[PDB]
Amino acid sequence: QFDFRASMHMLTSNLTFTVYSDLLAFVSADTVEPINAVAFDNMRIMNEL
Amino acid sequence: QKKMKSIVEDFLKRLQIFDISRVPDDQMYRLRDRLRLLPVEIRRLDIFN
């Protein structure tokens, strides 16, 4: 049998939010001029210039 | 940021007997290394000083 007391619930959630997927789209990403690019040792990747 | 290949290319061109079109960049940079070890001529060195 349907019983109102056993069927009435309060459902809770957030009022509103926005889900995002492309996290890296929030990053501004530049690079140095390749002439000035350095390796792990902090010297230029190519040094013969 | 200055690539010195142009200097060696000018040097070889002014020697007048080589065809620079046949000279690779690696050879020009080896020439640059050998030139870099030489002292500067006295008048030019004093002017630069």
# chains A, B, ... in the order shown; residues from 1 in each chain; ligands from 1
$ interface_residues --of "chain B" --to "chain A" --cutoff "10 Å" --atoms "only C-alpha atoms" --output "list in words"
residues 1, 2, 3, 4, 5, 26, 29, 30 and 33 of chain B
$ residues_around --residues "segment 9-19 of chain B" --least-positions-apart "3" --cutoff "10 Å" --atoms "only C-alpha atoms" --output "list in words"
residues 4, 5, 6, 22, 23, 25, 28, 29, 31 and 32 of chain B
$ atom_distance --atom1 "atom CA of residue 30 of chain A" --atom2 "atom CA of residue 42 of chain A"
18.3 Å
